[PDB]
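J.: The structure under discussion is supplied below as structure tokens; questions concerning it will follow.
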Amino acid sequence: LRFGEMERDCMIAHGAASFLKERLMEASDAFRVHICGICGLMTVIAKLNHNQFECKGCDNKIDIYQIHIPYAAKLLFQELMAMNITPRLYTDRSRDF
Amino acid sequence: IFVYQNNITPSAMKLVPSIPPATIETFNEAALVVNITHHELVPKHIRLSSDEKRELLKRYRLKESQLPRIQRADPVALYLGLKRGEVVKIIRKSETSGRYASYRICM
Amino acid sequence: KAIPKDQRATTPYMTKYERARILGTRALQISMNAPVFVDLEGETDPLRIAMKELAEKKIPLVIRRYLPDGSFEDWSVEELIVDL
Amino acid sequence: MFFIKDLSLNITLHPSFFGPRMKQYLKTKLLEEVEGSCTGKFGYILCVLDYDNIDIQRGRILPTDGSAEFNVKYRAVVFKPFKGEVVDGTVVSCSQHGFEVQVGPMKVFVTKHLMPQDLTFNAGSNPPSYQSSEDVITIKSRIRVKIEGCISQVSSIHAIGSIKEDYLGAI
Amino acid sequence: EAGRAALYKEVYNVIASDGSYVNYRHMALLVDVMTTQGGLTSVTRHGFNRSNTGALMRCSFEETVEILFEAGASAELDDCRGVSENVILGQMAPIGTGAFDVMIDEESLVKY
Amino acid sequence: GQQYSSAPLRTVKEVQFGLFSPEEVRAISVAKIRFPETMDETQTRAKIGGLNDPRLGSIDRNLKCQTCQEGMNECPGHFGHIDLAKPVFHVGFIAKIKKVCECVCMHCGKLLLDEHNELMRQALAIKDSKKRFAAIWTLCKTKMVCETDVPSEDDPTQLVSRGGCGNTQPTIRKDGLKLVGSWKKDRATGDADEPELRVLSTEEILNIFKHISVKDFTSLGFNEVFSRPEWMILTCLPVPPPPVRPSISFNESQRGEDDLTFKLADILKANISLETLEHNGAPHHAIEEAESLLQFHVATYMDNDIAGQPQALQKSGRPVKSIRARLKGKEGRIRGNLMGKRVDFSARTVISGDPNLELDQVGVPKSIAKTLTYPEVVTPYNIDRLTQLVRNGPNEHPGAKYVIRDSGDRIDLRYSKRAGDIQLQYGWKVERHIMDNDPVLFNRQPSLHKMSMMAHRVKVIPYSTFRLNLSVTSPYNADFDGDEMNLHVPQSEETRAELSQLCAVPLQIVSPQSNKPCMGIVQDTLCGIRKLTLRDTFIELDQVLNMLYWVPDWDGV
Amino acid sequence: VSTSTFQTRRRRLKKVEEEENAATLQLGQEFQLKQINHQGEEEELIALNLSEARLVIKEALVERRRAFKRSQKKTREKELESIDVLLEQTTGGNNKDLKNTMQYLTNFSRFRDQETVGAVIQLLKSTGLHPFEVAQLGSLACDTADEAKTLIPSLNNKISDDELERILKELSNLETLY
Amino acid sequence: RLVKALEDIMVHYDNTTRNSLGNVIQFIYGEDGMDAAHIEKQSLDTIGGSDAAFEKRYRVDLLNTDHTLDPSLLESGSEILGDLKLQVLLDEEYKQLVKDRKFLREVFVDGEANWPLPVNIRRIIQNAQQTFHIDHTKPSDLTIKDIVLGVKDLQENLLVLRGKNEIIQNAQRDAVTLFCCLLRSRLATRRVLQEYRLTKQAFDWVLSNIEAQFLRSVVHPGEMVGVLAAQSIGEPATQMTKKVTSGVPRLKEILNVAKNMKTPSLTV
DNA sequence: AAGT
RNA sequence: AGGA
DNA sequence: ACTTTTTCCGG
Ligand SMILES: [Mg+2]
Ligand SMILES: [Zn+2]
Ligand SMILES: [Zn+2]
Ligand SMILES: [Zn+2]
């Protein structure tokens, strides 16, 4: 069924942060990716079996994180990259405030 | 403050900033005929000191950005001769609380 | 940066959201076979257990209340007043 | 060499462990991973110092899974070898290609070519030996090697070394 | 400041015209938002949506691709403080339940 | 179901936007991407080492990915690349390219105005990157000459050399995908009368963009690390993996490749003609012809809906779907796949009013309760009940559909040869049916209210309609004239607390929208309540006694 | 999950140079002279001369046996047997590295007593050399200043030959006669 | 648009109303820091009436044989007559009541007394009456200090903002101004004694209840106020069906900040 | 039906 | 093409 | 001269 923009709004209205998260992840889309800690892209050639990680390009076999985002977001990010835009995702912050 | 009737020529206006730290204000006489500050809709604006603004920012844990703004060209910002960076404390009446105090930094 | 207990300025009372997230969190843990901090006087629902744990302010959780600047006030479910 | 490095491991505990023996279970789970561990970044983590004063900190409860994540701030004895580092070690293995040397937790192998020319491989000995005009390098023999280069291999660091230069070799 | 009071009066009147009543605070907030900028900021594609909030938050309304194209060309950095950015990332938004954090204290545990 | 990964799990704190450097595309790339042919190694059903899986993602479903050994649901896509024969503008940047040419010298690559001009040093002060560019452009756009020497920051008699080159700046105007300039000239002080009209090459704009100083481009919108201006001109095109452009492979022997796959093929096709054309005996006009066509495809692939009207169309008349078009609002990635989503554990049916239901309860038809499933963890408190439901099977009401072990494997109670003999273990989840008094989120679309989505207690009932108390009619705005409603079921003991403790119907009674109760006594009950309370209205013992018993919380007095 | 440290360098996209490590006393990014302890204070690098390192682990593991037996309430060849017993007690046994290390140290140590290791640490930490040179001087037994300066080629001009040779003499006296 | 415009706005842990940039929209939610659910339309009695009737109501003159409180009102009645020290308190009291009357007459220009405010005092007092079985025949055990100081003390505890600094403390006094206005009017010495007839216990109970009910009424740091407001305007808009442009299209004109308006007018 |  |  | 939104859900 549909859990659209309007229903998102009401959920934000109630303050049901986890309910919404769950509605958009567990209840639907939810996917797991491996991202490079240097260039926040889905570049990582995770052979999660032999415990081998890597990101040729960065020569990074160490600084690699696991993340849970909706599959459509993995998609969006790949589509943005498809059009030369880099939506670099980082697990830490620099800006503060 | 220069109070002119119809205009101040573009030649003359080019000399307004030329004398620092002193400051000059142009004011069309015809505007001043009525005081805007006396109007129903216009609340009390109060210019803050460098120490008062330093405190407002400390007390509400704000960066200058994070404040509601008042335009340098604002009728009240002109009336009070607000320079960019100066903050006004706006004491308005509230149908809710009786008295609510807003703040506006000058852009 | 972390605000010291003596310098805290938030509600001494617990938010509607704090209470709802504590009961959810304890219910999830009690249901995940966590150690229960009170006599379950016939109790079998992890929410009802969590509600009882909270009733006797026997929940070992701590609310980290964040401020717009990043600074925060740590408040215990023990110290938070549940008027609500 | 051999360092005392201040490190920190993020451990993620299941709710069933939220009993008094929690700081206890965490400390043990740390040693489980960290102790004996090997990185290229810090080398062989060998022994965790000051068990009693390990800093557990507050564990943050993770959104939809009841588990709590703690950053465990701790201090340990590490061993990270470098090129140019001169190490004393006992021989382990020996072949026509050269010999391996046990230096603490790591094995450093010396090529026949990274050895003086005079010392030659004597296949006909129990166990295999390297024989100089004066010296004899065999399985149990003690050596002093200059580490020429390092390779970070998964759960270890292996190195290549020379006993060619002055003040190196049989001790 | 007068613009604010006018804009509210004007809004309130649209509501009370139909007969209906909305509590002050609600219209107050809308008015205050359009206003804090320093002037009248339209509740439109080129109004509020052209402010300094995170690229993804802004792209969730009206100019999407064009928004994201600029985001990349100027190397924008999304703070991820906004709701929209956490919905897009499948994260718990810093809203109600998520406006604070929950931790266990080992001390208050070994106590009970 | 996704597998365990030893990789530290974190949340995304920041999204740092930027542009791909052609160097990065060639680095992150798992394959290059030379043959327009999809697969069929000369009709042989399997992927060619040319397009899709020359080490990319993976079609076939069975047969896992060559690179990340994982295969399908686990394997994200793997990006490739196409080294383009000549550079081409990225559609989206066509005017931020043009506007950058307008600010910089078209020969030396220096800002047409500097710290020497005062209006310029005023615009250079601006903190907002977007606004600072806005002001710098409106300033340098008029500057039609690169200045050799400019008056000193004091007197007009002594002039300071700001930087070399004097060359006249072209009057840049766009001609749908191409940038054509018109240099002012001189010839006996006048000319124009009739200037120099020549189209600016992609490669020349690039070489100038390369020469724009870090300080210079940095003064404009740009950033030296993530978005240098030279990167708006495409050199090395990234090849998106199959997960992005799926092969809708209906039956065995029949392709069904995506539009993006066809469009990328057209790019390759055009890129090869251009490459050979120039390497071979270059008939020049033929090159600027094959170049312009490559520019077209690379453009139309990202955005097909361009002002300069040729709308690239699939031979079917139907136009090719842009990457832009895919992301474009309401129904389309951001709005339709991310802000909104089709979800599981959701049910919908016709709604009907019930005066015997409680305010906060919702009548759930058996069929729906029997389908909707909550995952309960086997705990010492539940174990006994749970096994009885497991035993009860997916067919009878208080029953269960699946069992989930520590091993993470799903046990379908509908088919399992061990559906009878099933001994549960603590920590196992039992996917049990939606039972009475469970919290469920009940909504009636549109949903312009926080009160259009409220939490209720399930009441399993016969007959196919969602039954609901009549007083809750108003907040939802529902009538029973064929109106339908949605029901979402929380899966956590946590998401449940959120429903029960924040959005339950009784909490939602007195509304903040107008500081008054948003639910009252409607219709029949309202009408009867008047009739009942008139002074004229008296009731005999018989009935009084029934009316008293009818009140469930009666004192018995 | 793996281990992190006090060095929080934000390498934003700009990956490399991961410059070589040597006896140019140019060790890792991590193994730098200026470091930060738990507390946040700038502390100097702690390098240990194997014996300084033997006594550290010895202490650590011994005090660990204490804590384990507390919670459970409710001569070189002979030092090796003593050690190989404490490891079975305290460690997970799986640490084949520590068992190998403990034996290596127990054998290769120049200074047996804590009293002795103190005096070595005094004598050396007065020369102002990098903790690495100080460890290598206390670890490798040398006679000629030529020997030490050749084996620790970081020393080169950091000390007088006669001075290093005075230090080498006192190090030889401290050397516990096994 | 109303939603997408306001989404990111919520109340933070400093009662401040902020967006995703942490920029302040309102310094305190809805200018008072109260949850809209907890607010009810109450009458500010001090606002209107004859200046004469105001005096009849709130004035107590212990120095006058006719305007003192009769010993039928309280047990102190006899010993209270002529007490100069107490008359300083009743003057202080009456002087504030008059200050408030003139203040309210500034805020509410037309003299509208019906304003939505937290804590329904009418009911607190009504409930004290049945709870304590209030005898409208016998005199109260209240002191003038008990009543006057009692109200003063309650006021110190009607907390909205908590910080220990002048900026915050002044902001606090401000946000609470109007409620106190009503409270002082409903809890004036004569009003309490003559009208309500409350006893010490009943009074003490009425007080603690106001306090608690007030505290209860404050907004919850996390309240998604942005989306709430967006919807609380958005939904009523959906039910929409001199001659100036009104309803939906005038509202359309508004949000757009359209210069070319359909019905421009001046009211001179 | 509006607005760069 | 059709429901609210 | 030139662009973009418009309530929610069987083929
Ligand atoms: Mg209907
Ligand atoms: Zn990378
Ligand atoms: Zn793969
Ligand atoms: Zn030039």
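Simple scheme: letters A, B, ... for chains in structure tokens order, numbers from 1 for residues in each chain, numbers from 1 for ligands in the order shown.
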All residues within 6 Å of ligand 3 are required, counting only C-alpha atoms (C1' of nucleotides) and all ligand atoms; please report them as a ChimeraX atom specification.
T.: /F:57,65,67-68,75-78
J.: Show me which residues are within 8 Å of ligand 2 counting only C-alpha atoms (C1' of nucleotides) and all ligand atoms, and format the list as a list in words.
T.: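 Selection of residues at most 8 Å from ligand 2: residues 35, 36, 37, 38, 39, 40, 41, 43, 44, 55, 56, 57, 58, 59 and 60 of chain A; 28 of chain F.
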J.: Export, as a PDB file, in the first residue's frame, the selected residues with C-alpha atoms.
T.:
ATOM      1  CA  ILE A  35      31.150   2.706   1.370  1.00  0.00           C
ATOM      2  CA  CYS A  36      34.664   4.150   1.180  1.00  0.00           C
ATOM      3  CA  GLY A  37      35.705   6.274   4.151  1.00  0.00           C
ATOM      4  CA  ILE A  38      37.823   8.502   1.821  1.00  0.00           C
ATOM      5  CA  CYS A  39      35.490   9.100  -1.165  1.00  0.00           C
ATOM      6  CA  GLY A  40      32.047   8.443   0.281  1.00  0.00           C
ATOM      7  CA  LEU A  41      30.818   6.331  -2.694  1.00  0.00           C
ATOM      8  CA  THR A  43      32.806   2.004  -4.842  1.00  0.00           C
ATOM      9  CA  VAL A  44      33.750  -0.782  -2.291  1.00  0.00           C
ATOM     10  CA  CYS A  55      38.292   0.451  -2.917  1.00  0.00           C
ATOM     11  CA  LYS A  56      40.707   0.581  -5.858  1.00  0.00           C
ATOM     12  CA  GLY A  57      40.790   4.244  -6.716  1.00  0.00           C
ATOM     13  CA  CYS A  58      41.500   4.934  -3.088  1.00  0.00           C
ATOM     14  CA  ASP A  59      43.848   1.825  -2.647  1.00  0.00           C
ATOM     15  CA  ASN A  60      41.888   1.669   0.640  1.00  0.00           C
TER      16      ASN A  60
ATOM     17  CA  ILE F  28      36.552   3.713  -9.666  1.00  0.00           C
TER      18      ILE F  28
END
J.: Given the choices E:22, E:110, E:103, E:14, which gets closest to chain C if the distance is worked out from only C-alpha atoms?
T.: E:103
J.: Any residue with an atom at most 7 Å from ligand 1 counts, using only C-alpha atoms (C1' of nucleotides) and all ligand atoms. Which are they? Put them as a PyMOL selection string.
T.: (chain F and resi 478-483) or (chain J and resi 4)
J.: Just the residues within 8 Å of segment 250-267 of chain H, please, counting only C-alpha atoms (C1' of nucleotides), with nothing from its chain fewer than 4 positions along; format it as a list in words.
T.: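 Final neighbour list, sorted by chain and number: residues 7, 10, 11, 14, 40, 41, 42, 43 and 44 of chain E; 244, 245 and 246 of chain H.
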J.: Give as a ChimeraX atom specification every residue of chain K that touches chain H within 12 Å, counting only C-alpha atoms (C1' of nucleotides).
T.: /K:5-7
J.: Using only C-alpha atoms and a distance of at most 7 Å, pull out the residues of chain F that contact chain A, as a count of residues only.
T.: 50
J.: Kindly provide the residues of chain F that approach ligand 4 to within 9 Å, each paired with its closest atom pair and their distance in Å to one decimal, based on only C-alpha atoms and all ligand atoms, listed by chain and increasing number, as a Markdown table.
T.:
| residue | atom | partner | partner_atom_place_in_ligand_line | distance |
| --- | --- | --- | --- | --- |
| F:104 | CA | ligand 4 | 1 (Zn) | 8.1 |
| F:105 | CA | ligand 4 | 1 (Zn) | 4.8 |
| F:106 | CA | ligand 4 | 1 (Zn) | 6.7 |
| F:107 | CA | ligand 4 | 1 (Zn) | 5.2 |
| F:108 | CA | ligand 4 | 1 (Zn) | 3.8 |
| F:109 | CA | ligand 4 | 1 (Zn) | 6.0 |
| F:110 | CA | ligand 4 | 1 (Zn) | 6.0 |
| F:111 | CA | ligand 4 | 1 (Zn) | 8.5 |
| F:112 | CA | ligand 4 | 1 (Zn) | 8.0 |
| F:145 | CA | ligand 4 | 1 (Zn) | 8.1 |
| F:146 | CA | ligand 4 | 1 (Zn) | 4.8 |
| F:147 | CA | ligand 4 | 1 (Zn) | 7.1 |
| F:148 | CA | ligand 4 | 1 (Zn) | 7.9 |
| F:163 | CA | ligand 4 | 1 (Zn) | 7.7 |
| F:164 | CA | ligand 4 | 1 (Zn) | 6.2 |
| F:165 | CA | ligand 4 | 1 (Zn) | 4.0 |
| F:166 | CA | ligand 4 | 1 (Zn) | 5.8 |
| F:167 | CA | ligand 4 | 1 (Zn) | 6.1 |
| F:168 | CA | ligand 4 | 1 (Zn) | 8.6 |
| F:169 | CA | ligand 4 | 1 (Zn) | 8.8 |
J.: Please provide the set of residues having any atom within 12 Å of residue 2 of chain J, restricted to only C-alpha atoms (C1' of nucleotides), with same-chain residues fewer than 3 positions apart removed, written as an MDAnalysis selection string.
T.: chainID K and resid 9:11
J.: Using only C-alpha atoms, select each residue of chain E with any atom at most 9 Å away from an atom of chain B, and give the selection as a list in words.
T.: residues 1, 2, 3, 4, 5, 6, 24, 25, 35, 36, 37, 38 and 39 of chain E
J.: May I have the residues within 12 Å of residue 86 of chain F as a PyMOL selection string, using only C-alpha atoms (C1' of nucleotides) and disregarding those fewer than 5 positions away in the same chain?
T.: chain F and resi 201-204+206+233-237+270-279+287-288+290-295+298
J.: For residue 3 of chain K, work out the shell of residues within 10 Å, counting only C-alpha atoms (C1' of nucleotides) and skipping chain neighbours fewer than 2 positions away, then give it as a list in words.
T.: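 Listed by chain and then number, they are residues 307 of chain F; 3 and 4 of chain I.
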J.: Residues of chain D near chain C: apply a cut-off of 10 Å, count only C-alpha atoms, and supply the list as JSON, numbers by chain.
T.: {"D": [14, 15, 16, 17, 18, 19, 20, 58, 59, 60, 61, 62, 63, 64, 65, 66, 67]}
J.: Emit the selected residues as a tab-separated table (two decimals), in the first residue's frame, including N, CA, C and O atoms.
T.:
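Once written, selection14.tsv looks like this:
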chain	number	residue	atom	x	y	z
D	14	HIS	N	24.72	-7.13	22.82
D	14	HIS	CA	23.30	-7.55	22.74
D	14	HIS	C	22.55	-7.33	24.11
D	14	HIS	O	23.17	-7.54	25.16
D	15	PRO	N	21.25	-6.88	24.11
D	15	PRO	CA	20.56	-6.56	25.38
D	15	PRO	C	20.54	-7.60	26.49
D	15	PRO	O	20.44	-7.22	27.66
D	16	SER	N	20.65	-8.89	26.13
D	16	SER	CA	20.67	-9.99	27.08
D	16	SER	C	21.85	-9.90	28.07
D	16	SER	O	21.82	-10.55	29.11
D	17	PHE	N	22.84	-9.03	27.77
D	17	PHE	CA	24.05	-8.79	28.55
D	17	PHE	C	23.98	-7.55	29.43
D	17	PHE	O	25.00	-7.17	30.01
D	18	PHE	N	22.78	-6.93	29.54
D	18	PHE	CA	22.58	-5.71	30.32
D	18	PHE	C	22.33	-6.00	31.81
D	18	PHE	O	21.39	-5.47	32.41
D	19	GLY	N	23.17	-6.87	32.35
D	19	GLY	CA	23.20	-7.32	33.74
D	19	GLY	C	24.43	-6.77	34.44
D	19	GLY	O	25.25	-6.15	33.78
D	20	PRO	N	24.59	-6.93	35.77
D	20	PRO	CA	25.76	-6.32	36.45
D	20	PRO	C	27.13	-6.72	35.91
D	20	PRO	O	28.04	-5.87	35.82
D	58	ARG	N	29.73	5.59	28.39
D	58	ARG	CA	28.30	5.28	28.30
D	58	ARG	C	28.00	4.63	26.95
D	58	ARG	O	28.45	5.14	25.91
D	59	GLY	N	27.28	3.52	26.98
D	59	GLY	CA	26.89	2.83	25.76
D	59	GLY	C	25.63	3.44	25.17
D	59	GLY	O	24.60	3.50	25.86
D	60	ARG	N	25.69	3.91	23.89
D	60	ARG	CA	24.54	4.50	23.20
D	60	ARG	C	23.66	3.43	22.62
D	60	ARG	O	24.16	2.56	21.90
D	61	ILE	N	22.37	3.45	22.98
D	61	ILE	CA	21.43	2.47	22.46
D	61	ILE	C	21.10	2.82	21.02
D	61	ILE	O	20.74	3.97	20.71
D	62	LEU	N	21.33	1.82	20.13
D	62	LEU	CA	21.15	1.91	18.69
D	62	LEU	C	19.69	1.88	18.29
D	62	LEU	O	18.98	0.97	18.67
D	63	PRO	N	19.23	2.91	17.60
D	63	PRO	CA	17.86	2.96	17.09
D	63	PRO	C	16.97	1.73	17.13
D	63	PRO	O	16.38	1.51	18.18
D	64	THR	N	16.85	0.94	16.01
D	64	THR	CA	15.87	-0.16	15.97
D	64	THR	C	16.28	-1.53	16.53
D	64	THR	O	15.40	-2.37	16.75
D	65	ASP	N	17.57	-1.74	16.83
D	65	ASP	CA	18.09	-2.97	17.47
D	65	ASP	C	18.49	-2.59	18.92
D	65	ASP	O	19.33	-1.71	19.10
D	66	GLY	N	17.92	-3.24	19.93
D	66	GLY	CA	18.18	-2.90	21.33
D	66	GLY	C	19.60	-2.82	21.85
D	66	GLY	O	19.81	-2.40	22.99
D	67	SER	N	20.58	-3.27	21.04
D	67	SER	CA	22.01	-3.33	21.35
D	67	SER	C	22.62	-1.97	21.65
D	67	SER	O	22.24	-0.98	21.03
J.: Compile the contact shell of segment 26-28 of chain H as a list in words: residues with an atom at most 8 Å away, counting only C-alpha atoms (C1' of nucleotides), same-chain residues fewer than 5 positions apart removed.
T.: residues 101 and 102 of chain B; 29 and 32 of chain E; 15, 16, 17, 18, 33 and 175 of chain H
J.: Can you write just those residues out, N, CA and C atoms, as a PDB file, in the first residue's frame?
T.:
ATOM      1  N   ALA B 101       9.538  39.358  23.202  1.00  0.00           N
ATOM      2  CA  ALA B 101      10.658  40.093  22.646  1.00  0.00           C
ATOM      3  C   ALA B 101      11.392  39.347  21.557  1.00  0.00           C
ATOM      4  N   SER B 102      11.335  39.874  20.312  1.00  0.00           N
ATOM      5  CA  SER B 102      12.059  39.349  19.151  1.00  0.00           C
ATOM      6  C   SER B 102      13.434  40.091  19.098  1.00  0.00           C
TER       7      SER B 102
ATOM      8  N   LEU E  29       3.597  31.282  13.443  1.00  0.00           N
ATOM      9  CA  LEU E  29       4.787  30.638  12.909  1.00  0.00           C
ATOM     10  C   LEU E  29       4.963  30.831  11.424  1.00  0.00           C
ATOM     11  N   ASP E  32       5.993  34.472  10.800  1.00  0.00           N
ATOM     12  CA  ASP E  32       7.349  34.588  11.351  1.00  0.00           C
ATOM     13  C   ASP E  32       8.409  33.990  10.451  1.00  0.00           C
TER      14      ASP E  32
ATOM     15  N   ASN H  15      13.567  25.757  24.534  1.00  0.00           N
ATOM     16  CA  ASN H  15      12.241  26.316  24.221  1.00  0.00           C
ATOM     17  C   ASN H  15      12.185  27.197  22.968  1.00  0.00           C
ATOM     18  N   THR H  16      13.364  27.412  22.355  1.00  0.00           N
ATOM     19  CA  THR H  16      13.628  28.125  21.118  1.00  0.00           C
ATOM     20  C   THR H  16      12.964  27.340  19.962  1.00  0.00           C
ATOM     21  N   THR H  17      12.438  28.030  18.937  1.00  0.00           N
ATOM     22  CA  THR H  17      11.817  27.393  17.765  1.00  0.00           C
ATOM     23  C   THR H  17      12.810  27.528  16.601  1.00  0.00           C
ATOM     24  N   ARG H  18      13.342  26.401  16.117  1.00  0.00           N
ATOM     25  CA  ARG H  18      14.374  26.448  15.082  1.00  0.00           C
ATOM     26  C   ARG H  18      14.175  25.528  13.870  1.00  0.00           C
ATOM     27  N   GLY H  33       5.368  29.630  24.874  1.00  0.00           N
ATOM     28  CA  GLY H  33       5.966  28.321  25.123  1.00  0.00           C
ATOM     29  C   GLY H  33       4.985  27.261  25.583  1.00  0.00           C
ATOM     30  N   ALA H 175       7.190  35.926  28.775  1.00  0.00           N
ATOM     31  CA  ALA H 175       6.327  34.822  28.361  1.00  0.00           C
ATOM     32  C   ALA H 175       5.199  34.463  29.366  1.00  0.00           C
TER      33      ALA H 175
END
J.: Just give me the gap between atom CA of residue 399 of chain F and atom CA of residue 435 of chain F in Å, one decimal is fine.
T.: 9.1 Å
J.: Distance cut-off 6 Å, counting only C-alpha atoms - which residues of chain H neighbour chain C? Return them as a list in words.
T.: residues 13, 22, 162, 163 and 220 of chain H
J.: Please produce an output containing N, CA and C atoms for each residue in the selection, written as a CSV table (one decimal), in the first residue's frame.
T.:
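This went into out16.csv:
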chain,number,residue,atom,x,y,z
H,13,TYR,N,15.5,21.9,23.0
H,13,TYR,CA,15.6,21.8,24.4
H,13,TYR,C,15.8,23.1,25.2
H,22,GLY,N,19.4,25.7,12.4
H,22,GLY,CA,19.4,26.1,13.8
H,22,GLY,C,19.2,27.6,13.9
H,162,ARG,N,14.3,28.1,31.8
H,162,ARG,CA,14.9,27.9,33.1
H,162,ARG,C,16.3,28.5,33.5
H,163,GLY,N,17.1,28.9,32.5
H,163,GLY,CA,18.4,29.5,32.7
H,163,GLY,C,18.6,30.6,33.8
H,220,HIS,N,6.6,20.4,24.4
H,220,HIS,CA,7.6,19.3,24.5
H,220,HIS,C,8.8,19.4,23.6
J.: Residues of chain G within 8 Å of chain D, counting only C-alpha atoms, what are they? List them as a ChimeraX atom specification.
T.: /G:1-6,21-23,27,30,36-38,45-50,53,57,60-61,63-64,67,92,94-98,100-102,104-105,108,132,135-136,140,147,150-152
